[PDB]
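Enquirer: Here you go, this is coords12.pdb (PDB, C-alpha atoms).
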```pdb
ATOM      1  CA  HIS T   8      16.518  78.862  44.253
ATOM      2  CA  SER T   9      18.429  78.293  47.463
ATOM      3  CA  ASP T  10      15.065  77.246  48.898
ATOM      4  CA  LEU T  11      14.241  74.390  46.497
ATOM      5  CA  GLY T  12      17.795  73.106  46.851
ATOM      6  CA  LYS T  13      17.479  73.016  50.626
ATOM      7  CA  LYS T  14      14.155  71.198  50.327
ATOM      8  CA  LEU T  15      15.781  68.658  48.030
ATOM      9  CA  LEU T  16      18.680  68.076  50.427
ATOM     10  CA  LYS T  17      16.176  67.441  53.238
ATOM     11  CA  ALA T  18      14.014  65.116  51.130
ATOM     12  CA  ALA T  19      17.050  63.125  49.982
ATOM     13  CA  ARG T  20      18.291  62.731  53.555
ATOM     14  CA  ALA T  21      14.864  61.645  54.743
ATOM     15  CA  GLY T  22      14.381  59.160  51.893
ATOM     16  CA  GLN T  23      11.212  60.843  50.620
ATOM     17  CA  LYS T  24      11.082  59.471  47.084
ATOM     18  CA  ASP T  25       7.932  61.179  45.876
ATOM     19  CA  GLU T  26       9.079  64.524  47.286
ATOM     20  CA  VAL T  27      12.390  64.182  45.426
ATOM     21  CA  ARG T  28      10.420  63.576  42.214
ATOM     22  CA  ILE T  29       8.143  66.597  42.682
ATOM     23  CA  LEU T  30      11.061  68.869  43.607
ATOM     24  CA  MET T  31      12.915  67.770  40.490
ATOM     25  CA  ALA T  32       9.816  68.346  38.366
ATOM     26  CA  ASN T  33       9.651  71.880  39.841
ATOM     27  CA  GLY T  34      13.250  72.708  38.878
ATOM     28  CA  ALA T  35      15.198  72.076  42.079
ATOM     29  CA  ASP T  36      18.988  72.227  41.758
ATOM     30  CA  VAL T  37      19.988  68.567  41.702
ATOM     31  CA  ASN T  38      23.523  69.554  42.796
ATOM     32  CA  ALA T  39      22.533  71.765  45.719
ATOM     33  CA  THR T  40      25.357  71.708  48.254
ATOM     34  CA  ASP T  41      25.449  72.336  51.959
ATOM     35  CA  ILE T  42      28.253  73.505  54.260
ATOM     36  CA  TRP T  43      29.917  70.068  54.256
ATOM     37  CA  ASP T  44      29.766  70.160  50.427
ATOM     38  CA  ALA T  45      27.261  67.315  50.646
ATOM     39  CA  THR T  46      24.844  66.999  47.707
ATOM     40  CA  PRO T  47      21.503  65.180  47.541
ATOM     41  CA  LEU T  48      23.331  62.257  45.930
ATOM     42  CA  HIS T  49      25.742  62.017  48.877
ATOM     43  CA  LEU T  50      22.827  61.840  51.309
ATOM     44  CA  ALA T  51      20.973  59.212  49.288
ATOM     45  CA  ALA T  52      24.149  57.135  48.847
ATOM     46  CA  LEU T  53      24.880  57.300  52.586
ATOM     47  CA  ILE T  54      21.377  56.322  53.773
ATOM     48  CA  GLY T  55      20.899  53.710  51.079
ATOM     49  CA  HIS T  56      17.938  55.002  49.115
ATOM     50  CA  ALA T  57      18.404  53.343  45.787
ATOM     51  CA  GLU T  58      15.401  54.796  43.925
ATOM     52  CA  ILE T  59      16.393  58.326  44.983
ATOM     53  CA  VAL T  60      19.966  57.717  43.780
ATOM     54  CA  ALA T  61      18.614  56.643  40.404
ATOM     55  CA  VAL T  62      16.173  59.585  40.141
ATOM     56  CA  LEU T  63      18.885  62.096  40.998
ATOM     57  CA  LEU T  64      21.233  60.606  38.406
ATOM     58  CA  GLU T  65      18.495  60.671  35.753
ATOM     59  CA  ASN T  66      18.123  64.400  36.460
ATOM     60  CA  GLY T  67      21.794  65.282  36.058
ATOM     61  CA  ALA T  68      23.253  64.818  39.525
ATOM     62  CA  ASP T  69      27.029  65.030  39.544
ATOM     63  CA  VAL T  70      27.992  61.427  40.164
ATOM     64  CA  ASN T  71      31.571  62.424  41.125
ATOM     65  CA  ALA T  72      30.795  65.290  43.489
ATOM     66  CA  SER T  73      33.256  65.430  46.398
ATOM     67  CA  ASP T  74      32.429  66.743  49.845
ATOM     68  CA  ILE T  75      34.793  68.745  52.079
ATOM     69  CA  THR T  76      36.671  65.530  52.948
ATOM     70  CA  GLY T  77      37.049  64.508  49.315
ATOM     71  CA  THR T  78      34.385  61.842  49.743
ATOM     72  CA  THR T  79      32.207  60.905  46.759
ATOM     73  CA  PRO T  80      28.852  59.137  46.694
ATOM     74  CA  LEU T  81      30.683  55.974  45.591
ATOM     75  CA  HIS T  82      32.926  56.155  48.658
ATOM     76  CA  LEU T  83      29.848  56.436  50.882
ATOM     77  CA  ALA T  84      27.987  53.560  49.247
ATOM     78  CA  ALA T  85      31.093  51.360  49.323
ATOM     79  CA  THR T  86      31.716  52.063  53.025
ATOM     80  CA  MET T  87      28.088  51.520  54.053
ATOM     81  CA  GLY T  88      27.722  48.270  52.095
ATOM     82  CA  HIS T  89      24.981  49.461  49.714
ATOM     83  CA  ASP T  90      25.560  46.962  46.901
ATOM     84  CA  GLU T  91      22.791  48.110  44.552
ATOM     85  CA  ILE T  92      23.769  51.774  44.922
ATOM     86  CA  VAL T  93      27.428  50.984  44.176
ATOM     87  CA  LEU T  94      26.294  49.314  40.949
ATOM     88  CA  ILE T  95      23.954  52.152  39.908
ATOM     89  CA  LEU T  96      26.646  54.764  40.528
ATOM     90  CA  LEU T  97      29.201  52.805  38.514
ATOM     91  CA  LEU T  98      26.781  52.305  35.622
ATOM     92  CA  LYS T  99      26.135  56.062  35.586
ATOM     93  CA  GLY T 100      29.807  56.938  35.342
ATOM     94  CA  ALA T 101      31.165  57.137  38.876
ATOM     95  CA  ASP T 102      34.937  57.432  38.947
ATOM     96  CA  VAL T 103      35.947  54.119  40.446
ATOM     97  CA  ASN T 104      39.395  55.533  41.331
ATOM     98  CA  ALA T 105      38.330  58.716  43.091
ATOM     99  CA  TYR T 106      40.329  59.358  46.244
ATOM    100  CA  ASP T 107      39.493  61.141  49.465
ATOM    101  CA  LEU T 108      41.720  63.370  51.584
ATOM    102  CA  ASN T 109      43.646  60.223  52.705
ATOM    103  CA  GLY T 110      44.217  58.861  49.232
ATOM    104  CA  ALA T 111      41.586  56.191  49.947
ATOM    105  CA  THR T 112      39.606  54.914  46.995
ATOM    106  CA  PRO T 113      36.238  53.211  47.259
ATOM    107  CA  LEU T 114      38.111  49.880  46.940
ATOM    108  CA  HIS T 115      40.153  50.658  50.056
ATOM    109  CA  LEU T 116      37.030  51.544  51.999
ATOM    110  CA  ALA T 117      35.070  48.468  50.949
ATOM    111  CA  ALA T 118      38.039  46.281  51.841
ATOM    112  CA  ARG T 119      38.379  47.988  55.226
ATOM    113  CA  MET T 120      34.713  47.334  55.998
ATOM    114  CA  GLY T 121      34.915  43.771  54.735
ATOM    115  CA  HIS T 122      32.251  44.211  52.040
ATOM    116  CA  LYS T 123      33.427  41.351  49.838
ATOM    117  CA  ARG T 124      30.820  41.589  47.055
ATOM    118  CA  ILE T 125      31.385  45.341  46.719
ATOM    119  CA  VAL T 126      35.133  44.792  46.484
ATOM    120  CA  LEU T 127      34.507  42.319  43.661
ATOM    121  CA  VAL T 128      32.142  44.763  41.888
ATOM    122  CA  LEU T 129      34.705  47.544  42.105
ATOM    123  CA  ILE T 130      37.394  45.292  40.600
ATOM    124  CA  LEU T 131      34.997  44.368  37.787
ATOM    125  CA  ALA T 132      34.372  48.075  37.178
ATOM    126  CA  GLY T 133      38.082  48.792  36.745
ATOM    127  CA  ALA T 134      39.254  49.797  40.215
ATOM    128  CA  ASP T 135      43.034  50.117  40.346
ATOM    129  CA  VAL T 136      43.820  47.314  42.768
ATOM    130  CA  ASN T 137      47.429  48.506  42.958
ATOM    131  CA  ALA T 138      46.440  51.952  44.287
ATOM    132  CA  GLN T 139      48.007  52.811  47.632
ATOM    133  CA  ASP T 140      46.519  55.092  50.236
ATOM    134  CA  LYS T 141      48.618  57.858  51.802
ATOM    135  CA  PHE T 142      50.315  55.235  53.998
ATOM    136  CA  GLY T 143      51.153  52.703  51.321
ATOM    137  CA  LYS T 144      48.316  50.190  51.859
ATOM    138  CA  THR T 145      46.453  48.397  49.069
ATOM    139  CA  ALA T 146      43.075  46.712  49.332
ATOM    140  CA  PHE T 147      45.063  43.432  49.249
ATOM    141  CA  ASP T 148      47.009  44.503  52.351
ATOM    142  CA  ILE T 149      43.821  45.614  54.128
ATOM    143  CA  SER T 150      42.148  42.287  53.333
ATOM    144  CA  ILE T 151      45.104  40.365  54.778
ATOM    145  CA  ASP T 152      44.964  42.570  57.883
ATOM    146  CA  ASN T 153      41.241  41.773  58.184
ATOM    147  CA  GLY T 154      41.722  38.011  57.765
ATOM    148  CA  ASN T 155      39.990  37.984  54.368
ATOM    149  CA  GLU T 156      42.637  35.897  52.644
ATOM    150  CA  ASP T 157      40.228  34.558  50.017
ATOM    151  CA  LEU T 158      39.344  38.086  48.965
ATOM    152  CA  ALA T 159      43.016  39.077  48.949
ATOM    153  CA  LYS T 160      43.664  36.284  46.434
ATOM    154  CA  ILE T 161      40.959  37.630  44.090
ATOM    155  CA  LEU T 162      42.371  41.157  44.476
ATOM    156  CA  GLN T 163      45.665  39.952  43.014
ATOM    157  CA  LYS T 164      43.864  39.618  39.638
ATOM    158  CA  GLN T 165      45.892  36.604  38.497
TER     159      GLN T 165
ATOM    160  CA  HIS U   8      17.683  82.216  62.515
ATOM    161  CA  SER U   9      18.321  79.913  59.572
ATOM    162  CA  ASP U  10      20.112  82.901  58.053
ATOM    163  CA  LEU U  11      22.293  83.632  61.089
ATOM    164  CA  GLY U  12      22.993  79.956  61.698
ATOM    165  CA  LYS U  13      23.997  79.499  58.063
ATOM    166  CA  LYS U  14      26.212  82.564  58.279
ATOM    167  CA  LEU U  15      27.877  81.132  61.391
ATOM    168  CA  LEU U  16      28.488  77.777  59.686
ATOM    169  CA  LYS U  17      30.052  79.613  56.755
ATOM    170  CA  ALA U  18      32.205  81.844  58.948
ATOM    171  CA  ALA U  19      33.428  78.853  60.957
ATOM    172  CA  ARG U  20      34.275  76.926  57.798
ATOM    173  CA  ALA U  21      36.126  79.938  56.399
ATOM    174  CA  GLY U  22      38.062  80.587  59.620
ATOM    175  CA  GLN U  23      36.689  84.115  60.115
ATOM    176  CA  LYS U  24      37.230  84.611  63.836
ATOM    177  CA  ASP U  25      35.818  88.109  64.228
ATOM    178  CA  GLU U  26      32.789  87.275  62.099
ATOM    179  CA  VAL U  27      32.138  84.236  64.296
ATOM    180  CA  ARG U  28      32.276  86.475  67.369
ATOM    181  CA  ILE U  29      29.933  89.089  65.926
ATOM    182  CA  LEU U  30      27.417  86.534  64.663
ATOM    183  CA  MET U  31      27.259  84.895  68.076
ATOM    184  CA  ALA U  32      26.869  88.294  69.780
ATOM    185  CA  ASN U  33      23.876  88.852  67.487
ATOM    186  CA  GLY U  34      22.194  85.612  68.540
ATOM    187  CA  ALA U  35      23.376  83.032  66.019
ATOM    188  CA  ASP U  36      22.717  79.480  67.196
ATOM    189  CA  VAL U  37      26.121  78.095  68.215
ATOM    190  CA  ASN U  38      24.757  74.585  67.504
ATOM    191  CA  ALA U  39      23.367  75.349  64.056
ATOM    192  CA  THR U  40      23.475  72.275  61.836
ATOM    193  CA  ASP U  41      23.609  71.638  58.105
ATOM    194  CA  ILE U  42      22.161  68.645  56.238
ATOM    195  CA  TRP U  43      25.137  66.528  57.342
ATOM    196  CA  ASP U  44      24.417  67.512  60.965
ATOM    197  CA  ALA U  45      27.729  69.358  60.900
ATOM    198  CA  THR U  46      27.947  72.172  63.432
ATOM    199  CA  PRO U  47      30.300  75.166  63.463
ATOM    200  CA  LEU U  48      32.475  73.221  65.887
ATOM    201  CA  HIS U  49      32.781  70.323  63.425
ATOM    202  CA  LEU U  50      33.886  72.687  60.662
ATOM    203  CA  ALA U  51      36.396  74.475  62.862
ATOM    204  CA  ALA U  52      37.810  71.176  64.168
ATOM    205  CA  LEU U  53      38.153  69.783  60.633
ATOM    206  CA  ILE U  54      39.935  72.883  59.249
ATOM    207  CA  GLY U  55      42.061  73.336  62.341
ATOM    208  CA  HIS U  56      40.993  76.792  63.544
ATOM    209  CA  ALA U  57      41.860  76.621  67.200
ATOM    210  CA  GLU U  58      40.670  80.101  68.170
ATOM    211  CA  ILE U  59      37.242  79.518  66.614
ATOM    212  CA  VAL U  60      36.996  76.165  68.393
ATOM    213  CA  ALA U  61      37.693  77.983  71.659
ATOM    214  CA  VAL U  62      35.237  80.845  70.942
ATOM    215  CA  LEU U  63      32.458  78.419  70.032
ATOM    216  CA  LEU U  64      32.989  76.425  73.224
ATOM    217  CA  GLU U  65      32.982  79.652  75.295
ATOM    218  CA  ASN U  66      29.527  80.337  73.860
ATOM    219  CA  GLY U  67      28.029  76.969  74.705
ATOM    220  CA  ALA U  68      28.763  74.810  71.665
ATOM    221  CA  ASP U  69      27.911  71.155  72.200
ATOM    222  CA  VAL U  70      31.356  69.622  72.413
ATOM    223  CA  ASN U  71      29.896  66.151  71.789
ATOM    224  CA  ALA U  72      27.753  67.001  68.782
ATOM    225  CA  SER U  73      27.586  64.083  66.376
ATOM    226  CA  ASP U  74      27.102  64.420  62.640
ATOM    227  CA  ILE U  75      25.067  62.056  60.422
ATOM    228  CA  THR U  76      27.955  59.554  60.475
ATOM    229  CA  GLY U  77      28.288  59.661  64.256
ATOM    230  CA  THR U  78      31.470  61.743  63.956
ATOM    231  CA  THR U  79      32.242  64.249  66.708
ATOM    232  CA  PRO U  80      34.598  67.222  66.575
ATOM    233  CA  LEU U  81      37.138  65.178  68.546
ATOM    234  CA  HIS U  82      37.072  62.434  65.884
ATOM    235  CA  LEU U  83      37.821  65.053  63.216
ATOM    236  CA  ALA U  84      40.610  66.705  65.163
ATOM    237  CA  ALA U  85      42.179  63.340  66.016
ATOM    238  CA  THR U  86      42.100  62.159  62.395
ATOM    239  CA  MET U  87      43.480  65.425  61.009
ATOM    240  CA  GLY U  88      46.329  65.607  63.505
ATOM    241  CA  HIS U  89      45.206  68.888  65.124
ATOM    242  CA  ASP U  90      46.955  68.422  68.481
ATOM    243  CA  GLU U  91      45.924  71.717  70.036
ATOM    244  CA  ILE U  92      42.271  71.278  69.067
ATOM    245  CA  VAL U  93      42.234  67.730  70.457
ATOM    246  CA  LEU U  94      43.446  69.175  73.741
ATOM    247  CA  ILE U  95      40.959  72.068  73.821
ATOM    248  CA  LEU U  96      38.043  69.760  73.048
ATOM    249  CA  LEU U  97      39.054  67.355  75.813
ATOM    250  CA  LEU U  98      39.504  70.178  78.319
ATOM    251  CA  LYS U  99      35.979  71.386  77.507
ATOM    252  CA  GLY U 100      34.338  68.015  78.068
ATOM    253  CA  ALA U 101      34.597  65.997  74.855
ATOM    254  CA  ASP U 102      33.815  62.322  75.359
ATOM    255  CA  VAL U 103      37.149  60.687  74.642
ATOM    256  CA  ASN U 104      35.391  57.366  73.915
ATOM    257  CA  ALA U 105      32.696  58.567  71.540
ATOM    258  CA  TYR U 106      32.227  56.165  68.652
ATOM    259  CA  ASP U 107      31.135  56.753  65.099
ATOM    260  CA  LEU U 108      28.895  54.592  62.885
ATOM    261  CA  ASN U 109      31.826  52.124  62.465
ATOM    262  CA  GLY U 110      32.479  51.910  66.182
ATOM    263  CA  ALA U 111      35.681  53.904  65.762
ATOM    264  CA  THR U 112      36.776  56.040  68.682
ATOM    265  CA  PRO U 113      39.209  58.933  68.410
ATOM    266  CA  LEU U 114      41.947  56.576  69.605
ATOM    267  CA  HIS U 115      41.316  54.225  66.680
ATOM    268  CA  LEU U 116      41.497  57.116  64.219
ATOM    269  CA  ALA U 117      44.646  58.621  65.683
ATOM    270  CA  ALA U 118      46.271  55.186  65.707
ATOM    271  CA  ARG U 119      45.286  54.571  62.090
ATOM    272  CA  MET U 120      46.826  57.881  61.032
ATOM    273  CA  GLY U 121      49.974  57.291  63.103
ATOM    274  CA  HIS U 122      49.549  60.413  65.293
ATOM    275  CA  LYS U 123      51.679  59.295  68.241
ATOM    276  CA  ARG U 124      51.368  62.405  70.411
ATOM    277  CA  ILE U 125      47.580  62.474  69.948
ATOM    278  CA  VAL U 126      47.405  58.791  70.909
ATOM    279  CA  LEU U 127      49.311  59.615  74.108
ATOM    280  CA  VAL U 128      47.010  62.580  74.826
ATOM    281  CA  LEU U 129      43.920  60.451  74.330
ATOM    282  CA  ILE U 130      45.250  57.770  76.687
ATOM    283  CA  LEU U 131      46.020  60.473  79.270
ATOM    284  CA  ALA U 132      42.449  61.774  78.872
ATOM    285  CA  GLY U 133      40.899  58.386  79.657
ATOM    286  CA  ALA U 134      40.637  56.650  76.293
ATOM    287  CA  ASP U 135      39.475  53.033  76.575
ATOM    288  CA  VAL U 136      42.433  51.208  75.042
ATOM    289  CA  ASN U 137      40.335  48.024  74.880
ATOM    290  CA  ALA U 138      37.631  49.623  72.700
ATOM    291  CA  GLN U 139      36.846  47.466  69.658
ATOM    292  CA  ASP U 140      35.503  48.865  66.422
ATOM    293  CA  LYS U 141      32.715  47.162  64.452
ATOM    294  CA  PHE U 142      35.332  44.699  63.183
ATOM    295  CA  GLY U 143      36.922  43.720  66.496
ATOM    296  CA  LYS U 144      40.017  45.912  66.123
ATOM    297  CA  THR U 145      41.587  47.789  68.991
ATOM    298  CA  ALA U 146      44.031  50.643  68.496
ATOM    299  CA  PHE U 147      46.775  48.171  69.390
ATOM    300  CA  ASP U 148      45.628  45.874  66.572
ATOM    301  CA  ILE U 149      45.672  48.804  64.138
ATOM    302  CA  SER U 150      49.218  49.728  65.155
ATOM    303  CA  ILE U 151      50.334  46.116  64.581
ATOM    304  CA  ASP U 152      48.624  45.988  61.169
ATOM    305  CA  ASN U 153      50.434  49.214  60.221
ATOM    306  CA  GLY U 154      53.804  47.963  61.471
ATOM    307  CA  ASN U 155      53.963  50.840  63.968
ATOM    308  CA  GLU U 156      56.126  49.247  66.631
ATOM    309  CA  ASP U 157      56.356  52.468  68.660
ATOM    310  CA  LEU U 158      52.591  52.854  68.891
ATOM    311  CA  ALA U 159      52.060  49.160  69.600
ATOM    312  CA  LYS U 160      54.230  49.367  72.709
ATOM    313  CA  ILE U 161      52.443  52.542  73.814
ATOM    314  CA  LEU U 162      49.215  50.595  73.534
ATOM    315  CA  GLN U 163      50.550  47.215  74.736
ATOM    316  CA  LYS U 164      49.434  45.990  78.156
TER     317      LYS U 164
END
```
For the structure just supplied, provide its representation as structure tokens.
Expert:
Amino acid sequence: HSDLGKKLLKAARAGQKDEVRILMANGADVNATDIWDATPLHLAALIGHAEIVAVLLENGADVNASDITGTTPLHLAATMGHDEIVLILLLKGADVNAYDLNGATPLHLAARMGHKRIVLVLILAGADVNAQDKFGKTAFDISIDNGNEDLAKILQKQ
Amino acid sequence: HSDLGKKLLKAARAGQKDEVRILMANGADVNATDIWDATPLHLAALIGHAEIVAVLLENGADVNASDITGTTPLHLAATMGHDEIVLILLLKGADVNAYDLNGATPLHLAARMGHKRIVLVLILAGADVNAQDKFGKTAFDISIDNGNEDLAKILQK
């Protein structure tokens, strides 16, 4: 039981799509968690394996699982710039306004990394553009700081 | 070995100092890693358990271990504001200029979080104040963006 979950974590990290499918067919715990509170979905969202993300979600993966830093799969995909994964997660119910241990939402992180299309997707999905991180910054502020004035204008939602 | 390493990871995360000591005496791998490539030292640095950090380092923990995001224990301690742990890690050989997957060094992270004393410590320890992250930002730039006049002057040339 522990064993199949560990195998699934390893397969998700390694991007082994067919192994993920067989492990799921054999009853592996889709929400197996390691010491960092990382789940298979976190690993797949970090590395960018879109088919694995979709397979895990189809099999009941917790789309809003938070690791020990409060980081969700959506945070990871938004930070890494994985556009397709951001969209899949959102369509399968990811909480667009989840916040990590710093009060950062996925919108803050995408703005910080300058991922303009992801920022726009998150707005479209209902991200609270007025949300402030623990220090008072909005995605608008971050975009100004990063010289992305055009994106800041869109973030105003006017 | 997987068992003992997993037990050590769990004891480090939980802050169980005597259990950490006993597990290591019984041969647990001080550099055991989970799926995130987190080691016991990462967990102890994140949570802020200074004695466990010290015990792990006494037993040969890799002070520069990097997780799957390129994050070292010093990055975690610097972000969390764990002054004592930052100091212990540096004294035991942590690379003050290690960078994560975003090119962030510990100095960038401490500057972003406004941890003035940690910024000063990192400078004293040889932090490269001219280090740029993946987006061209130095710690000085971050302090300006945050309106942190005190930190900006500390970092100004």
Enquirer: Hey, list the chain T side of the contact with chain U: 7 Å cut-off, all atoms listed in the file, answer as number ranges by chain.
Expert: T: 16-17, 41-43, 152
Enquirer: Calculate how many Å separate CA of residue 115 (chain T) from CA of residue 84 (chain T), rounding to one decimal.
Expert: 12.5 Å
Enquirer: Interatomic distance between CA of residue 31 (chain T) and CA of residue 46 (chain T)?
Expert: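 Spanning CA of residue 31 (chain T) to CA of residue 46 (chain T) is a straight-line distance of 14.0 Å.
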Enquirer: Can you pull out every residue within 9 Å of residue 36 (chain T), counting only C-alpha atoms, but drop anything in the same chain fewer than 5 positions away, and send it as a compact mmCIF listing (two decimals) with C-alpha atoms, keeping the file's coordinate frame?
Expert:
```txt
# COMPACT_ATOMS: atom_id res chain seq x y z
CA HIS T 8 16.52 78.86 44.25
CA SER T 9 18.43 78.29 47.46
CA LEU T 11 14.24 74.39 46.50
CA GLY T 12 17.80 73.11 46.85
CA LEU T 15 15.78 68.66 48.03
CA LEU T 30 11.06 68.87 43.61
CA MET T 31 12.92 67.77 40.49
CA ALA T 68 23.25 64.82 39.52
```
Enquirer: I need the residue set behind the PyMOL selection byres ((chain U and resi 115) around 8) for this file; please write it as a list in words.
Expert: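 Matching residues under the PyMOL selection byres ((chain U and resi 115) around 8) are residues 111, 112, 113, 114, 116, 117, 118, 119, 140, 145, 146 and 149 of chain U.
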Enquirer: Please write the residues from the selection above to a file, keeping C-alpha atoms, as a PDB file, keeping the file's coordinate frame.
Expert:
```
ATOM      1  CA  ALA U 111      35.681  53.904  65.762  1.00  0.00           C
ATOM      2  CA  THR U 112      36.776  56.040  68.682  1.00  0.00           C
ATOM      3  CA  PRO U 113      39.209  58.933  68.410  1.00  0.00           C
ATOM      4  CA  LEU U 114      41.947  56.576  69.605  1.00  0.00           C
ATOM      5  CA  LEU U 116      41.497  57.116  64.219  1.00  0.00           C
ATOM      6  CA  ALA U 117      44.646  58.621  65.683  1.00  0.00           C
ATOM      7  CA  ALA U 118      46.271  55.186  65.707  1.00  0.00           C
ATOM      8  CA  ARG U 119      45.286  54.571  62.090  1.00  0.00           C
ATOM      9  CA  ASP U 140      35.503  48.865  66.422  1.00  0.00           C
ATOM     10  CA  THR U 145      41.587  47.789  68.991  1.00  0.00           C
ATOM     11  CA  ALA U 146      44.031  50.643  68.496  1.00  0.00           C
ATOM     12  CA  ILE U 149      45.672  48.804  64.138  1.00  0.00           C
TER      13      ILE U 149
END
```
Enquirer: Calculate how many Å separate CA of residue 28 (chain U) from CA of residue 52 (chain U), rounding to one decimal.
Expert: 16.6 Å
Enquirer: Using the chain letters and numbering of this document, enumerate as an MDAnalysis selection string the residues selected by the PyMOL selection byres ((chain T and resi 27) around 12).
Expert: chainID T and resid 11:26 28:37 47:48 51 56 58:66
Enquirer: Find the residues around residue 87 (chain T) up to 9 Å (only C-alpha atoms counted), leave out those fewer than 4 positions away in its own chain, and share them as a VMD selection string.
Expert: chain T and resid 52 to 55 82 to 83 117 120 122
Enquirer: With a distance cut-off of 12 Å and all atoms listed in the file, select the neighbouring residues of residue 99 (chain U), excluding the residue or stretch itself and same-chain residues fewer than 5 positions from it, and output the selection as an MDAnalysis selection string.
Expert: chainID U and resid 60:71 80:81 92:94 132
Enquirer: Go through the shown structure with the PyMOL selection byres ((chain U and resi 104) around 7) and write out the matching residues as a ChimeraX atom specification.
Expert: /U:102-103,105-106,112-113,134-135
Enquirer: Could the residues in this selection be written to a file with C-alpha atoms, as a short mmCIF file (atom, residue, chain, number, x, y, z; two decimals), in the frame of the given file?
Expert:
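Below is the file that was written, part00.cif:
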```cif
data_model
loop_
_atom_site.label_atom_id
_atom_site.label_comp_id
_atom_site.auth_asym_id
_atom_site.auth_seq_id
_atom_site.Cartn_x
_atom_site.Cartn_y
_atom_site.Cartn_z
CA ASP U 102 33.82 62.32 75.36
CA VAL U 103 37.15 60.69 74.64
CA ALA U 105 32.70 58.57 71.54
CA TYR U 106 32.23 56.16 68.65
CA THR U 112 36.78 56.04 68.68
CA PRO U 113 39.21 58.93 68.41
CA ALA U 134 40.64 56.65 76.29
CA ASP U 135 39.48 53.03 76.58
#
```
Enquirer: With 3 Å on each side, where is the centre of the axis-aligned box around all listed atoms of region 22-40 of chain T, and how long are its edges in Å to one decimal, as AutoDock Vina command-line options?
Expert:
```
--center_x 16.6 --center_y 65.9 --center_z 45.1 --size_x 23.4 --size_y 19.5 --size_z 19.5
```
Enquirer: Check the smallest atom-to-atom distance from each of U:98, U:136, U:19, U:83 to residue 162 (chain U) using all atoms listed in the file, then report the winner.
Expert: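 Ranked by minimum distance to residue 162 (chain U), first place goes to U:136.
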Enquirer: Of the residues U:59, U:39, U:85, U:48, which is the one nearest to residue 23 (chain U), using all atoms listed in the file?
Expert: U:59
Enquirer: For a quick check of understanding, using all atoms listed in the file, which of T:86, T:155, T:145, T:40 has the smallest distance to residue 73 (chain T)?
Expert: T:40
Enquirer: So that I can check the surroundings of residue 111 (chain T), please list as a VMD selection string every protein, DNA and RNA residue that reaches within 12 Å of it, counting only C-alpha atoms and ignoring chain neighbours fewer than 5 positions away.
Expert: chain T and resid 76 to 79 81 to 83 85 to 86 103 to 106 116 to 119 134 to 146 149
Enquirer: Between T:126, T:10, T:50, T:69, which is the closest to residue 99 (chain T) once you count all atoms listed in the file?
Expert: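 Nearest to residue 99 (chain T): T:69.
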Enquirer: Counting only C-alpha atoms, which of U:164, U:86, U:24, U:138 gets nearest to residue 108 (chain T)?
Expert: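 Comparing U:164, U:86, U:24, U:138 against residue 108 (chain T), the winner is U:86.
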Enquirer: For residue 112 (chain T), which of T:75, T:45, T:57, T:130 is the closest residue, counting only C-alpha atoms?
Expert: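 Closest to residue 112 (chain T) of all the choices is T:130.
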